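Enquirer: Quick one: structure below, then a few questions.
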Amino acid sequence: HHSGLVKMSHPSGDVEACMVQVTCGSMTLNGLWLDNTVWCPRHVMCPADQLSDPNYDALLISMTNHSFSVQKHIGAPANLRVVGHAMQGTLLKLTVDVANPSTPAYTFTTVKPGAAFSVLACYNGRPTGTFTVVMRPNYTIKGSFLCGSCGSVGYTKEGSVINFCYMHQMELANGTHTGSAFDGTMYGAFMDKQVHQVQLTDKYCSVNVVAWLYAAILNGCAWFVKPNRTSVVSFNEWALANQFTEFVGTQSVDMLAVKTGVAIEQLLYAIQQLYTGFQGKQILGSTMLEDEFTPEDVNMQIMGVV
Amino acid sequence: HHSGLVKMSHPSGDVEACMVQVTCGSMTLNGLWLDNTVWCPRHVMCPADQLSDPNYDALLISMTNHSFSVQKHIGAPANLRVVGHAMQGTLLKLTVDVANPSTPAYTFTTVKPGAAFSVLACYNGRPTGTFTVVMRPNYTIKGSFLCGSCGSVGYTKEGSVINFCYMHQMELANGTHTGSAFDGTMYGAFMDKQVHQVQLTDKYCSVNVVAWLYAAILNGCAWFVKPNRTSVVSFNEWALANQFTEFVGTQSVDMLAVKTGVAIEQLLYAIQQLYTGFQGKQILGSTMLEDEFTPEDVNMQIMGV
Ligand SMILES: *[C@H](O)[C@H](C[C@@H]1CCNC1=O)NC(=O)[C@H](CC(C)C)NC(=O)OC[C@@H]1CCC(=O)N1C[C@H]1C[C@@H]2CC[C@H]1C2
Ligand SMILES: *[C@H](O)[C@H](C[C@@H]1CCNC1=O)NC(=O)[C@H](CC(C)C)NC(=O)OC[C@@H]1CCC(=O)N1C[C@H]1C[C@@H]2CC[C@H]1C2
């Protein structure tokens, strides 16, 4: 029985209309055009033979407004005149002379570990694909990014408001990815320089495992549900010792509990048993715990609860 | 020998000139006035009897511009006219008809666990104290806040640019505090409602313990340094099993290693042994590891960088 769960992204059309190509000298990557501002990764300023130890302060100083070229390729093409430039953290903030007429209602936020967001992968300012990832507890994402993808954007949607949360910056040694929030900070402890970096230990996202067990129950699969319970406080002491994130309940999880009649504490107990082995059985076609679906994913896709 | 380390905050004058009082009905707290915007916690709109599960969307729809009173008390006082209101996550964005003429150069940023920032504690729109804190690994701070302190702001300073990183929201059950970034998200998993909340477990900030051990070496207190080394990788596996954050080196830490000639890996080994007990000895007057001073504190206050 198919769970009815897929990796679902937001429709990308509103964000496609904001993607541009940014070029600074011999370097090029993607930018995001909103109102009179274009955001892009600051390493567009760095000469390719200097990516290991750039002085971004001096690089910024060395630029003028004419150092940047911004092009919209898709839809109505445009070449945007830069009238101002500023650096914020790991991003450039370029001020352009024309406000994007396709600017959607938007906000900037930071995504938290375990939360899901949609990514619009772009090359040379052209959107090429979309996918959705969960921010891992070690502040990487398991994305799909090649050379030239920097400046690809990640976002969520609340109603018609797009919340931009990610600008792609780099690939780590283990093949995962990270980037910047739009306040310019890099997720995690990573730096935007081409050096090998300490990447931290990942964990199972316990709230998302709970959501997936609820998805299994909503599909008629409940062999792992026993009357036994583990309290949140006790589960969280156990989680610290067994590479799980600590569980924090939300209204979204509570809705799944009410709809199924299975208490959160029953699933916390189940996770502790299932972590020691599935005993030859499967849950939603898997023999391992799944933490890439959120409580909101489960509520929206199975129950239609936005 | 006194190390020369103290808890050092930025001078607060530039930020005090941005502080206002925000009142909505019978609720009052502090706000931050930058350009034509006043930021403040959204629970200023919530009646005191409804704080345990506010419908903030409905509260916001029910307000008008006239629901808010904004006053600047210190310096050149003013009662500001509110001409727009909006909500961004856990913060209200009030638009006022006058741009703050004392608006400093500023950015908004999020502070990371282990990093230090300065807090201007305010009551009724009036600055009353300043102190510095480190963001804990569980996204709380060990602050000093009483009723009426919400909207107090935390910040760092890079040159003449103020980087606002914190707006105060709540006290947790264990006496620590948390707040919002200026994107309106709460630090950590906390929600701005008056209910019991899961508090995640705190950890030692390994990078700051390393800085403090370098401060001891710079002060001549080096009895804990041995030839033995622990690699960053092996230390980080041990840290996961011992309530420490994983270590990530920075240029600030490297500067301390070059100055003392003691390798980071020698101090990682030391931390592992010291954590089991100081064997009756002291380091910089302490019998336990200290993680409230950053590599940058040590570079500035001891090496004068
Ligand atoms: C920007 O488009 C690009 C995205 C990555 C390219 C491959 N997949 C991506 O997600 N970002 C970068 O190339 C980074 C630039 C830095 C931040 C200034 N660097 C980066 O991701 O580095 C990855 C690894 C780390 C070790 C290393 O030498 N290296 C760089 C290789 C990988 C890419 C091909 C040749 C260079 C870039
Ligand atoms: C705003 O000025 C104020 C600041 C705090 C007042 C005391 N010191 C502060 O730092 N913030 C609030 O009053 C919060 C409003 C919420 C966000 C809507 N509430 C708050 O901080 O509540 C604190 C109390 C006392 C200590 C504590 O753990 N706690 C929360 C309650 C809720 C659960 C029941 C008992 C505890 C846990």
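A quick note on method: Cβ atoms are made from the backbone with ideal geometry, for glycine too, and the neighbour counts reach across all protein chains shown. Every number here is computed from the coordinates shown, using simple stated rules; none is lab data.
Enquirer: Using a simple spin-label model with points 7 Å from Cα along the Cα→Cβ vector, what separation in nm is obtained for residue B:228 and residue B:173?
Expert: So the two model labels end up 3.9 nm from each other.
Enquirer: Which three lengths, in whole Å and largest first, does the range A:203-306 cover when its Cα atoms are put on their principal axes?
Expert: Over the range A:203-306, Cα extents along the principal axes are 36, 29, 26 Å.
Enquirer: Here is a follow-up. Can you give me the Cα centroid spacing of the range B:259-305 and the range B:96-133 in angstrom?
Expert: With the range B:259-305 and the range B:96-133 each reduced to a Cα centre, they are spaced 30 Å.
Enquirer: How large is log10 I(q)/I(0) at q = 0.10, 0.12, 0.13, 0.14 Å⁻¹ when the Debye formula is applied to the Cα atoms of the range B:17-104, each weighted equally and without solvent?
Expert: -0.23, -0.32, -0.38, -0.44
Enquirer: Let me ask something else. How big is the dipole moment of chain A about its Cα centre under a simple scheme where the beta carbon of each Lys and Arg is +1, that of each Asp and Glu is -1, and everything else is neutral? Debye, nearest 20, please.
Expert: It works out to roughly 360 debye.
Enquirer: Within the range B:38-111, which trypsin sites (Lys or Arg not before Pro) sit in a loop by DSSP and count at most 14 neighbouring Cβ atoms inside 10 Å?
Expert: Filter output for the range B:38-111: B:81.
Enquirer: When the helices in chain B are scored as -39500 (n - 2.57) per DSSP H run of 4 or longer and the sum is shared across all residues, what 222 nm value do you end up with, to the nearest 500 deg cm²/dmol?
Expert: -5500 deg cm²/dmol
Enquirer: GNM on chain B, C-alpha springs below 10 Å: top fluctuator among B:265, B:237, B:171?
Expert: B:237
Enquirer: Rg/Rh for the range B:69-147 to two decimals, with Rh computed the Kirkwood way over all alpha-carbon pairs.
Expert: That ratio equals 1.00.
Enquirer: Still on this structure, please answer the following. Compute the Rg/Rh shape ratio of the protein assembly as shown: radius of gyration over Kirkwood radius, all on alpha-carbon atoms.
Expert: 0.96
Enquirer: Right, something else. Please build a GNM for chain B, connecting alpha carbons under 10 Å apart, and tell me which residue among B:166, B:269, B:155 fluctuates the most.
Expert: With Cα springs under 10 Å in chain B, the top fluctuation among B:166, B:269, B:155 is at B:269.
Enquirer: Let me know the charge dipole size of the protein assembly as shown about its Cα centre in debye, to the nearest 20, where only the beta-carbon of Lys, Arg (+1) and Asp, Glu (-1) is charged.
Expert: It works out to roughly 160 debye.
Enquirer: Turning to a different aspect of this structure: Kindly provide the Kirkwood hydrodynamic radius of chain B in Å, to one decimal, from all pairs of distinct alpha carbon atoms.
Expert: The Cα-based Kirkwood calculation yields 20.9 Å.
Enquirer: Can I ask one more? State, to one decimal in nm, how far the label point of residue A:103 lies from the label point of residue A:237, with both points 7 Å from Cα in the Cβ direction.
Expert: Computed distance between label sites residue A:103 and residue A:237 equals 5.3 nm.
Enquirer: How shielded is A:187-195 by partner chains, expressed as the average number of their Cβ atoms within 10 Å of its Cβ atoms?
Expert: That works out to 2 on average.
Enquirer: Moving to a separate point now. Which FRET efficiency, nearest 0.05, do residue A:57 and residue B:48 yield, Cβ-Cβ r, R0 51 Å?
Expert: Calculated value: 0.60.
Enquirer: Right, next: Roughly speaking, what is the centre-to-centre gap between the range B:53-77 and the range B:185-204 when only Cα atoms are used, to the nearest Å?
Expert: Going from one Cα centre to the other spans 25 Å.
Enquirer: Let me ask something else. Near residue A:91, within a Cβ-to-Cβ distance under 10 Å, what is the net charge of the other residues, with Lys and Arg +1 and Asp and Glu -1?
Expert: 0
Enquirer: Also: Taking the Cα centre of the range A:151-268 as origin and charging only Cβ (+1 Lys, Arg; -1 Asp, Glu), how large is the dipole, in debye to the nearest 20?
Expert: 300 debye
Enquirer: Specify which residue in the list B:75, B:30, B:64 is farthest towards the positive end of the charge dipole of the range B:17-104, using unit charges on the beta carbon of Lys, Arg (+1) and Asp, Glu (-1), about the Cα centre.
Expert: Positive-end residue among those listed: B:75.
Enquirer: Shifting gears a bit: Express in nm, to one decimal, how much length is gained between residue A:201 and residue A:278 on full extension, taking 0.36 nm for each residue of separation and deducting their alpha carbon distance.
Expert: Residue separation times 0.36 nm, minus the Cα-Cα distance, leaves 25.3 nm.
Enquirer: Give me the distance in nm between label points sitting 7 Å out from Cα along the Cα-to-Cβ direction at residue B:193 and residue B:287, one decimal.
Expert: Label at residue B:193, label at residue B:287, 4.5 nm between them.
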